[PDB]
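Single chain ahead, by itself, as structure tokens, in the form deposited in one PDB entry.
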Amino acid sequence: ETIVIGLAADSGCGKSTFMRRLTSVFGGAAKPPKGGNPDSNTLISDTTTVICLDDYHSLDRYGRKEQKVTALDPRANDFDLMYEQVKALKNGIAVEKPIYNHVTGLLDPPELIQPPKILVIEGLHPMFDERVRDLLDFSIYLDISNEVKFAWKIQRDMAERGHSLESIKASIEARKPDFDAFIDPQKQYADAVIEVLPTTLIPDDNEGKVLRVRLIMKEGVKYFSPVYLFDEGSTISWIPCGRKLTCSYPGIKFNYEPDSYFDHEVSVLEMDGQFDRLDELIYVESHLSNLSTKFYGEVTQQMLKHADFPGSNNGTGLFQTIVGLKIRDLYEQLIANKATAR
């Protein structure tokens, strides 16, 4: 009775630190299948196997170029195969999954995937097909706003330094139609959306370092008690920076509020600003509720295992870690019932 997690993300197979945070919570070390194709996207842990959804492309790079179809387009993807093989793994049956090697852009011969305890499917289209969506036990959508997507390319993406800003936004133009038509709509099916926006604390900041990030959590979901702050259901702003907790400019600002998201009820926890000192993280964790921690400080402790990770100092790393614990709480209850259900 293996558990399947969806993660809709745009950062490309292999460049998601969200995936690496979930992995550290779930198991030990995700390493490619020992021996075999060095271009394989699959990552295997003691508990978890991450599958890249590019592997189910129905069109290679030259293929897609021939049809002038992007990788965002459902035409370029085989959802029948994805659906059948996620189904088989969830029911304990191995699959021959084709490998999409990114260095050559060809659809490579398949690899034998063994059912794990936790299966995470990650890529552009995890929740696009209703049949695949019904197999997911939890659904995540990482929503990067266009404004920090562009900032991160300027401030961090070393490989696009060769391109000017005029052609980098002209790269975003020709990708937006396919993205908004086929990628963005998947948010409505996620149990947890993490939305990364520019910061409102310092005016006109476009650097992508200080971030306003929203954690949107679906209500009414079995085994998922959303995080809350002080008074669940209420609308709160909370600035912990004060006399007993000094912060540098511009500090930490929190918002907790209910909301309606795609005609679904959600509750939203927000963080704007970034942690100066570790005291601020510990103070923040000590005042949040329904974190699904097993001991005191696990959120902070789980983050300190990856102090080098991008976003370890703002709500991005804070909420991605919290999400991992919530999923762990869910699959513990989910396999607690299936253990007794034989």
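Each form is matched to the other, and the largest set of C-alpha atoms that superpose within 1.5 Å is called the rigid core. From 1 onward, residues are counted along the sequence shown.
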Assert higher mean C-alpha B factor (82-90 or 210-218, deposited values) equals 82-90
Comparing mean C-alpha B factor in the record for 47-55 and 66-74, the higher one is 66-74
Note to self: of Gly273, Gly28, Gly297, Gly317, the C-alpha temperature factor tops out at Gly28
Of the residues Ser139, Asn146, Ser171, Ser267, the one whose Cα carries the largest B-factor in the deposited record is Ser171
Tertile call for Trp238 (CA temperature factor, within chain, third-based) is the lowest
Here the Cα B-factor of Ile3, set against its chain, lands in the third termed middle
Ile202: CA B-factor among chain residues, third -> middle
The third of the chain into which the C-alpha temperature factor of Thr246 falls is the lowest
On the chain's distribution of Cα B-factors, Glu166 falls within the third called highest
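Keep in mind that the form deposited in another entry is missing from the display, and what follows is about it.
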Candidates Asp205, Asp129, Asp108, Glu195; compared between the shown form and the other one on the rigid core, the one with a C-alpha shift of 2 angstroms or more is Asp205
Taking the rigid core as the reference frame, is the Cα of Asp231 displaced by 2 Å or more between the shown form and the other one?
no
Is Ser11 one of the residues whose Cα moves 2 Å or more between the shown form and the other one, with the core superposed?
-> yes
- Indicate whether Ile93 shows a C-alpha shift of 2 Å or more between the shown form and the other one, with the rigid core used for the fit. no
Under comparison with the form shown, the C-alpha atoms of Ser164 and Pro310 in that other deposited form shift by 3 angstroms or more, placing them farther
Checking the C-alpha spacing of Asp78 and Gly14, a student should find that in that other deposited form it changes by 3 angstroms or more, with the atoms farther
